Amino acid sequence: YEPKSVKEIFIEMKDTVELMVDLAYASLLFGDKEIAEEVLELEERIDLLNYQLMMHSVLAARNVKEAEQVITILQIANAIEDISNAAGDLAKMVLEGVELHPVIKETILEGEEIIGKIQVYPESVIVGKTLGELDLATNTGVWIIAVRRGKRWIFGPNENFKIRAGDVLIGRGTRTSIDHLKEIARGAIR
């Protein structure tokens, strides 16, 4: 097997917790238990990555200097793991199925950065293009955290994900950044 680097593990942890928090808010906004389940699965991945980070750090360091440095990484991962647990706490509320105060969904839809649901029509120019080819985060500011395609979810889609008419994109971004993408998705803006 090809060994992983500390940086690769660390980057995945950071990237994953960010996605986790976004998905946690999405689960609350949509009262969606499947999204909530995904958050919990990611919390487990975070525990696994944290374990590997500790293993790598323990094995890599043999003297005091090296030790002091790997400890800084473990300390940061520790804080990251706390954020993952908080996202999991939010997800659990959705799985418990509690009736949320109406202000909650409004809050997620009206803050600086919001979560939006975008319907893709056949006439849109993004149909048939991949997220990478598109680089939506780069070119629209809207970051796609998930896609609902029929009876299935694609969480954290990669650059190879090709968009189809009928897809429902779950994006994170500013309000005007979400409405802009909706225009493009409706084919209004070519």
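A residue's number is simply how far along the shown sequence it sits, counting from 1.
- When 27 to 35 is weighed against 65 to 73, 65 to 73 comes out higher, by mean CA B-factor as recorded in the entry.
- For the segment pair 111 to 119 and 76 to 84, the entry gives 111 to 119 the higher mean B-factor, averaged over Cα atoms.
- When the modelled residues of the chain are ordered by their C-alpha B factor, residue 42 lands in the middle third.
- Among the modelled residues of the chain, residue 103 sits in the middle third by CA temperature factor in this PDB entry.
- Placement of the Cα temperature factor of residue 93 within the chain: middle third of the modelled residues, per the deposited record.
- Among all modelled residues in this chain, the alpha-carbon of residue 15 has a temperature factor (C-alpha) in the middle third.
- Compared with the other modelled residues of the chain, the Cα B-factor recorded for residue 54 ranks in the lowest third.
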